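K.L.:
One structure is given below, represented as structure tokens, and several questions about it will come after.
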Amino acid sequence: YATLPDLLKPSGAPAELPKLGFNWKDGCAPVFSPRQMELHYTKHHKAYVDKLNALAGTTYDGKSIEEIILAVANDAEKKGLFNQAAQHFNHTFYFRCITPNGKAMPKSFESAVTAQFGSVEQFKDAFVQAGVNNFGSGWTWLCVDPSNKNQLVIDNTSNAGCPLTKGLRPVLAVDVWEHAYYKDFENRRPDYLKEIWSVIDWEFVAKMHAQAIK
Ligand SMILES: [Fe+2]
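Given below as structure tokens:
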């Protein structure tokens, strides 16, 4: 399965930094400033894309970024390449999970969260707890688990860690690398986690969910 089948390493040309659904010069209101978005996208994410292209050469041309990630996930000769490729995916996914002023949960996705976690609020509180206690740099995810009747599951990864390497299908990502929030929140990761809900694009999340269970 591919989460993002249109995220590729082109043949004969560099992988591009994906275009955001919103303009980063306006930040991503009401939660993020222009400068926080500018740094995260045009510095951090760009650097992952640039280094991915330099490490990949033409060896992975025509492959999806996800295919690369899987191909090199347990290859100690290519940890550097794994880190850039996985971070490229992680960031592309994360930036699609956010949009100015958010978008409401479609009823169908809301019902799947409610069934699994009891209520939306219970899901959010558990997700915030996982994010807060995700030690060091990393990502907190909501995934579908095909090996467990497609249950929704909260999963923490460290550094470039990417759920597809253990068979999980992400529907939501929140970056907890300190650079994701330090400009606008400084040390206050918990406030970042609580506030980000109001810019989550639940329509994108719902689509990821619908496709992950089909
Ligand atoms: Fe990041």
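Each step along the sequence shown adds one to the number in the UniProt record's numbering, with nothing skipped, and position 193 is 212. Just so you know, even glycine gets a beta-carbon here, dropped at the ideal spot from N, CA and C.
Can you tell me where the alpha helix (DSSP H) with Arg115 in it begins and where it stops?
P.N.:
Where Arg115 is concerned, the enclosing alpha helix (DSSP H) stretches over 98 to 115.
K.L.:
When you compare only the Cα positions, how much space is there between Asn153 and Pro33?
P.N.:
One C-alpha to the other measures close to 33 Å.
K.L.:
Comparing alpha-carbon positions, which option in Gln55, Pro53, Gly81, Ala105 lies nearest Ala92?
P.N.:
The candidate whose alpha carbon is nearest that of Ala92 is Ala105.
K.L.:
Measuring only the C-alpha atoms, how far is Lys82 from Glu35?
P.N.:
The alpha-carbon atoms of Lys82 and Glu35 are separated by roughly 14 Å.
K.L.:
Can you tell me whether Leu183 is helix, strand or coil according to DSSP?
P.N.:
Looking at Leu183 - three-state DSSP - the assignment turns out to be helix.
K.L.:
Which residue from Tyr211, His228, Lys226, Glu222 puts its Cα closest to that of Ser52?
P.N.:
Residue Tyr211 is the option with its Cα nearest to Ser52.
K.L.:
Could you name the residues that DSSP lists as bridge partners for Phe51?
P.N.:
Answer by DSSP bridge pairing, in chain order: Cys47.
K.L.:
Here's the rule I'm using: 16 or more other beta-carbon atoms within 10 Å means buried, otherwise exposed. How should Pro209 be labelled?
P.N.:
Classification for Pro209: exposed.
K.L.:
Looking only at its own chain, which residues have a Cβ that is under 8 Å from the Cβ of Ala145, when we skip the five neighbours before and after it?
P.N.:
So the qualifying residues of the chain are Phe136, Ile173.
K.L.:
Could you check the C-alpha separation between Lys226 and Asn120 for me, to the nearest Å?
P.N.:
Approximately 18 Å, taken between the alpha carbons.
K.L.:
Rounding to the nearest angstrom, what Cα-Cα distance links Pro29 and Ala73 in this structure?
P.N.:
Going by the C-alpha atoms only, they are around 13 Å apart.
K.L.:
I need the boundaries of the beta strand (DSSP E) containing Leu161, first residue and last residue.
P.N.:
Per DSSP, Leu161 belongs to the beta strand (DSSP E) from 157 to 164.
K.L.:
Using the Cα positions of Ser130 and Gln230, report the straight-line distance between them to the nearest angstrom.
P.N.:
Whole-angstrom Cα-Cα distance: 16 Å.
K.L.:
What whole-angstrom Cβ distance do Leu183 and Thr22 have, given they're in contact under 8 Å?
P.N.:
The pair is a contact, with the Cβ atoms about 7 Å apart (cut-off 8 Å).
K.L.:
For ligand 1, is there any heavy atom lying closer than 8 Å to the beta carbon of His228?
P.N.:
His228: no, Cβ never under 8 Å from ligand 1.
K.L.:
Tell me whether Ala192 sits in a helix, a strand or coil according to DSSP, three-state version.
P.N.:
The answer is strand: DSSP assigns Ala192 an E or B state.
K.L.:
On a CA-only basis, which of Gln148, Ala192, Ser156 is nearest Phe108? Give me that one, please.
P.N.:
The residue with the shortest Cα to Cα distance from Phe108 is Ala192.
K.L.:
Using beta-carbon positions only, say whether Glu222 and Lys122 come within less than 9 Å of one another.
P.N.:
Yes, they are a contact pair.
K.L.:
Tell me which residue opens and which closes the beta strand (DSSP E) that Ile173 is part of.
P.N.:
Counting along the chain, the beta strand (DSSP E) containing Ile173 begins and ends at 170 to 177.
K.L.:
Give a yes or no on whether the C-beta atoms belonging to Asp164 and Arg188 are separated by under 9 Å.
P.N.:
Cβ atoms of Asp164 and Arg188: closer than 9 Å.
K.L.:
Kindly indicate which residue of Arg54, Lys185, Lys38 has the alpha-carbon position closest to the one of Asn167.
P.N.:
Comparing Cα positions, the closest option is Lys185.
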